[PDB]
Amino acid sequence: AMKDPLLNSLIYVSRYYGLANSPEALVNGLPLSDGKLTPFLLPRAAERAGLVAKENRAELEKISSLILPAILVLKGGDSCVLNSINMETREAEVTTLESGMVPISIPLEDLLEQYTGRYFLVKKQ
């Protein structure tokens, strides 16, 4: 059972890129907090995966579909992958710690209420 939301989100993106990385490799040599990744460590974890991750600020509806999947920082130390947003149906597709590796649909309103305004742009090295 995965408990680290940022690690779950990073593993999903690594896998989306066909990059095989144990959760172990991704945290190797990093100083975790209460056993978990934080936004401060995530660029170095991404490097260990063969990715580049960079934190940015944007309102949710300003994030381009073109850069997805992105990792959203959510209130309370949580995170998810943003896979897509449909503005017609007002639904977002996200991958959460509870959904594991499976993207799920949620109401856009719900994501807006938890989103902090900060996200990671993730791409291959």
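Position 1 is the first residue in the sequence shown; the rest follow in order.
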query = Mean C-alpha B-factor higher for 21-29, or for 97-105?
reply = 21-29
ask   = Comparing 31-39 with 56-64, which has the greater mean CA B-factor as deposited?
value = 31-39
query = With respect to C-alpha B-factor, does residue 123 fall in the lowest, middle or highest third of the chain as deposited?
reply = middle
ask   = Lowest, middle or highest third: where is residue 49 by C-alpha B factor in its chain?
value = highest
key: Third of the chain's Cα B-factor distribution that residue 87 belongs to, per the entry   = highest
